[PDB]
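Student: Sharing a structure, written as structure tokens. Questions coming.
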Amino acid sequence: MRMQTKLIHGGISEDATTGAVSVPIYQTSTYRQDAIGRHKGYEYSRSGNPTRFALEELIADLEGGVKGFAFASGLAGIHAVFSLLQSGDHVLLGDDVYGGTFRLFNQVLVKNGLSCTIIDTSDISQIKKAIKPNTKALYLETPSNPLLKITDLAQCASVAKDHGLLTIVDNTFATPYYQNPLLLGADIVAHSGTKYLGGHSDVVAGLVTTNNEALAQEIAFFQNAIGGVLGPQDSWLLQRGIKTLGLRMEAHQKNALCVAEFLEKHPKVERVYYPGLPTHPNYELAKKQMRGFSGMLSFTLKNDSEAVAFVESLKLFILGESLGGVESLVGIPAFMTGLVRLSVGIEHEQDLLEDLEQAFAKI
Amino acid sequence: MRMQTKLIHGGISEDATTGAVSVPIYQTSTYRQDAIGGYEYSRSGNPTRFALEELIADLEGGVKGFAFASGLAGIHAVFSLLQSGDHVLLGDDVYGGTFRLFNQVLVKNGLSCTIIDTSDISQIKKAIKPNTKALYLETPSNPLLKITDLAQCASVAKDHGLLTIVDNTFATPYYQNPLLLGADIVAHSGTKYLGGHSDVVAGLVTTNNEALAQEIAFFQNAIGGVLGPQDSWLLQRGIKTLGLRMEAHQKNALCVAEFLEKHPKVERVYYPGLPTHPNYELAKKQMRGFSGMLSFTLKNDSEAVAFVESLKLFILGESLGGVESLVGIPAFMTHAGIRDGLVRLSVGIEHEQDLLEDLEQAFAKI
Amino acid sequence: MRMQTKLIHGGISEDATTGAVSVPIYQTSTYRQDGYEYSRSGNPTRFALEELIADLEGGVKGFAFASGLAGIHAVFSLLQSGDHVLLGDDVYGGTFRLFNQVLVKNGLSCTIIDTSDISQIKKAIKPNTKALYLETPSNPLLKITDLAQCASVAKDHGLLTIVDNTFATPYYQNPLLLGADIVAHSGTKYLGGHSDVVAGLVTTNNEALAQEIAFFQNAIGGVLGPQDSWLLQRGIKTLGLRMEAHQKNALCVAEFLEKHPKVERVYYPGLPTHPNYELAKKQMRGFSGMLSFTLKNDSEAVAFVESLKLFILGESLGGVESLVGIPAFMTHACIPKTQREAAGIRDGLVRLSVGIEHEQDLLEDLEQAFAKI
Amino acid sequence: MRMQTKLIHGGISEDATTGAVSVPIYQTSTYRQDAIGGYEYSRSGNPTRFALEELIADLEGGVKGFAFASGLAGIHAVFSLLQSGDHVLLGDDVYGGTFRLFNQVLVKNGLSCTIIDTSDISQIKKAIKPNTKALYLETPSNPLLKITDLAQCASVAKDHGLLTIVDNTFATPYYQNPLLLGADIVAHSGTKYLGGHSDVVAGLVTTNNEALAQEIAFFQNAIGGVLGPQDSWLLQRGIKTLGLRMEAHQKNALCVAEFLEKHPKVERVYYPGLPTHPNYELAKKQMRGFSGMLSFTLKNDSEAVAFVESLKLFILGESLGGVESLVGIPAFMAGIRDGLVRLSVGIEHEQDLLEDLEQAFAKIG
């Protein structure tokens, strides 16, 4: 079965006992057991839950892993991933990773004996040079946010492997529909389900999956030990949202192209950051490792002062703080995470252009 | 507003714009701004979650409330307040998962702990180091229901540089308020009595202190182990009957304890409400009642499994604090005074007679 | 075999084919082929010494250089541009000069820190720090640095602990056994011992580091000749006895100096009153012949040194002959005066390399010099 | 919402319950509670004061605003964050009372300062000590209108562990917004351009930073140098015409600068709006306009007092930033010659202002 068919029938997508084409929401905390040391499969909802498990199975099935793990948020998942390491360990970050991941290290992890080194990861040599005797992981994120900066996954993975290093990839922007880091040498993949996977701006969730059984034992342990689990209703809604991913990602791509092209041939606009443009640095690398480009695009205007007047005069893009939803979103990462980030939604392309038009006419 | 009225109308229990007597569920990740510069992003804040947070703050007399994906998610973020190189003092019978947090997650993140009997006040004195930054209390204890003087402990804690953190899961806010007794931070598993219907996994933390509130607020948002709006809403709904439930829990538990103690095959009963309990007077002092938690040791240890496996009403299972009665053997589940034969009962709200008849029939099988 | 026996029979101390109890001097640049090829890559006289120093400091490999500086240069040639290094504030002027004048122009960076204060090193670590250079006891204030502590902290960041072990020789202190990754020596000093050889020695715990050092010894070409290799090895054979005598003499001299009305402060790790005496005792099996002392009147330091007739007014140290210098007017003349006082180096500070002469002759020379001020 | 609009509807410009287009004046000291557990005590919080604080936060791009009894009391509270044994860099011509605050109040409390020319970015680099915590800028500067590059000094301070503190009184939030140029704390003397009507003594402070906001709040409350409700309200009221007043101030000030410059009897003229002014290109870049503040030194230095005492429209008085024209010799009230005349150009008719100057010049040699 193909990706499109897997989004609908993958993992667990059916109640085995009733035939329900939808996995039931197990709003429960505990489970009755036959004799002690002989359970019915589930013991306690923090450790495992049939609804959450179905979702965890789905994301594993999609990214080509052995196990999935659903979390209360993207950050909670990432946090649990880094709980695999001791104090005295080192991690190499990309120079433009998501701000909350930076704050995770800066303010939570570093504090606990975990050191990081920020480097440009599209500069393969900057990673070669940055490894210390205690470096235990390489944390990549491509396309990056904002700026959509592409990193070479297979290369970095190869390089991380001949050193005793973990390749941990944040696949949020380019979904499992467009990119599968585990098939390119990654050990652990993390998403914000809060974004595209959910895709209706109505769930806060993180998903992690892995290629490695030993890694999976570890991640499980810390999901259970720290307990930042995804609830069953959210799990169910995430899975429901995931069902449409393919169609949504297609529509996201189609729209964001029209938007990028229109923006590039504009008098008010200077540079434009989108992976689908032949004009974007490493465009070739992208077509190599991505089956498509999402709906994210940063960009800048020649007049750097108007940035805030432009964003605030738009009437169809929602001025808000997330991305990856069916509604188009807009931000300015200066005060949020003269650069303007667009999360192109799945509204009619013309209405999106007409909305950008009228907001340009105003500056 | 008294406790029993507060449970229903406390924190935010109403929708202000619409008038709705229930808080609406905000299944939403992000909010439109008229910005740039109330709500911005659901991990940082959410109206459903907030209403519950205000509720629990209101019930414990804290300045802020914090809702987590699980009890443990809450405790974890509480200990994220500390730097590597810091020292923590622990109870010798703290909940199994709390001990595992330190042993498996927090020690390897550079924190050190020391296990002392918290009912022994001089043991806490003797165990204090220069890097000791906090004392962690759980009373009554899981699973032996051991009682610890909260005023005394917080007193000794306060006149060193120490934080007094209390897990108040067993007594809930209906029967004990550690903040009003000198504690700095209070943590619950909302999965237990607060939800009460064994259908939600949830943590709740609250604090006396405005600055401490900012720190927890920081690590709630930064680590991101937040309760979802649906679970927040359901947990709030559960809390509305907390008062009535705890009374039934206490009435039944009292009845059961007095049955088990008078029973031929039983050796000791651990229940704070039994006059013969170590620190029974101290319980009456710091608690407005005892919950539904008790455990007992049966004269012949080898019969504990067979006893537990032949109960027909009590559900053999992992958790506690629900309307349905639960039973476990701590030795083989959640995990000094703990013998393989120890049996822990979570007395639910069924008919006292239905619960007694169940135990009667199970003893007849050993 | 124990350290004292190891100075005589360790590394390679014997010619296997001929039986000679002294390794032959291979004054050759090349070798016929049908395990040596070129003397800049490998030479059996140098190799013998190399094995010895590795064997004494408990290393996997040794590397003999044309000079102490040459070795320290080879070590720091490991790091790429962008890398940052932590240096002790009492670092050898030439080591400080290497960074200031050679390595910086190549893309390195440093920060100067008092290494006797462990929190200072913590405050100074950057994400791009790769190394920590330690030197204990220090010149000229003989200030002690907790080797194990500093090695450990450095290890739990991504750092290589590099220790200059010249002053307290492998006979009294073994950094690699206390968490150091690389040990460097100026063989010019106590190791050779007869002020007649200029040489560097470098050894390491780590096979991978050893391949790195080996490569740079060879590619940069600052190697030690076979004659000097042999001379250095000969000197090392009496390292034990000489150190015993250095220390005996030094203790005696230090004790004399603090009995002394004109002398203010004496800096010697073997004195109980020395800051970190207890730490000294933990990581050192003894103290060297190195000491300084400040006298109450600064301007009297010139006259004191000038009237000395046994101590030789000289620049070096660690030989069998006693040496005297005034760090402010010799080893540190370039540095602005008010900065020298900032770093504890008064114009009245006098450094002695206490040699192995009869202690009484050494003391009678000090008495007559005092008697003349 | 644009700045011109924001001055009228920003922060809180309306009573929520009643719909009043003006914020009501809460002459109250205390509030009934249904406690134990919004407003508790007027020193901690007052709805009127808060309205003004929200407005300034909103104007400067801050997260919180803070209203004080005076510009000084605010500056005080800002520096109250620092421990003893800390170090601070000061502009060589910061406000006379800002120096007297450090010189005589904060120093004896264990604080240390170094006077530097901040328009010399290399000079600040030369003065950083290991114990230095903050740089304090003031541009344009009193009374020479010396301009400092906010963006660079912020950067230089940002890559060290330093706090950028800016006194934005002169070029108001309408012309300059330091917080967007990498500043951490902005402070105003509300007594000046913000009130605009020379009838309120006030100080306003705002910040980019949550943790700094917690701190400033703490010290505003603990020292208690808070602004009253009536003064807050009058201040907010004043702020509503800020945009209109600043435009007229500039239009007049440029008109005067060009009169004084082309004048035979005048020597130098200080005004950021003059092309021939140190760092004029810098002014244009970080400021959206030049204000009503200008100074000038005349050729006959001893006849400075005679000039000032013969002005009929301009008022010889002790302040600035009002709708009426003010004049003072900053020396009587390092650049400052005992014949430097400082002009606070009001919003009166320029012809009337110029005709007051003509007649004053026509009485000196």
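Letters A, B, ... go to the chains of the structure tokens in the order shown; residues in each chain start at 1; ligands are counted from 1 in the same order.
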Within 8 Å of chain A, which residues belong to chain B? Use only C-alpha atoms and report them as a PyMOL selection string.
Tutor: chain B and resi 27-37+40-43+68-73+76+80+83-84+97+100-101+105+108-110+191+198-201+219+222-228+230-231+305+309+315-319+332
Student: Considering only C-alpha atoms, return as a PyMOL selection string whatever protein or nucleic-acid residues lie within 12 Å of residue 82 (chain D), sequence-local ones (same chain, fewer than 5 positions apart) excluded.
Tutor: chain D and resi 76-77+87-88+106-107+109-112+131-134+162-163+212+215-216+219
Student: Distance limit 8 Å, atoms considered: only C-alpha atoms. Which chain D residues sit that close to chain B? Return them as a ChimeraX atom specification.
Tutor: /D:37,58,61,63
Student: Using only C-alpha atoms, determine which residues lie at most 8 Å from region 64-75 of chain C, disregarding the query and same-chain residues fewer than 3 positions distant; provide the list as a list in words.
Tutor: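 Final neighbour list, sorted by chain and number: residues 46, 49, 50, 78, 94, 95, 98, 184, 185, 186, 187, 188, 198, 199, 200, 201, 202, 213, 216, 217, 220, 222, 223, 224, 225 and 229 of chain C.
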Student: Pick out the residues sitting within 9 Å of residue 89 (chain A), and hand them over as a PyMOL selection string; count only C-alpha atoms, and ignore anything fewer than 5 positions along from it in its own chain.
Tutor: (chain A and resi 113-116+134-137) or (chain C and resi 156-158)
Student: Run DSSP on the backbone and tell me which residues of region 132-259 of chain C come out as strand (DSSP E); list them as a list in words.
Tutor: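 Residues of region 132-259 of chain C classed as strand (DSSP E): residues 132, 133, 134, 135, 160, 161, 162, 163, 164, 182, 183, 184, 185, 186, 200, 201, 202, 203 and 204 of chain C.
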Student: Should the cut-off be 12 Å, what would the residue list for chain D against chain A look like, counting only C-alpha atoms, as an NGL selection string?
Tutor: :D and (1-3 or 61-63 or 179-182 or 208-209 or 285-286 or 288)
Student: Skipping near chain neighbours, those fewer than 3 positions away, what residues fall within 8 Å of residue 242 (chain B) using only C-alpha atoms, listed as a PyMOL selection string?
Tutor: chain B and resi 7+174+193-194+196+238-239+245-246
Student: Could you please determine the separation between CA of residue 29 (chain D) and CA of residue 16 (chain B) in Å, to one decimal place?
Tutor: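 Separating CA of residue 29 (chain D) from CA of residue 16 (chain B) is a distance of 28.1 Å.
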Student: I'd like the neighbourhood of region 82-89 of chain C as a list in words, where a residue qualifies if any of its atoms comes within 6 Å (using only C-alpha atoms), though same-chain residues fewer than 5 positions away should be ignored.
Tutor: residues 107, 108, 109, 110, 111, 112, 113, 114, 115, 128, 129, 130, 131, 132 and 133 of chain C
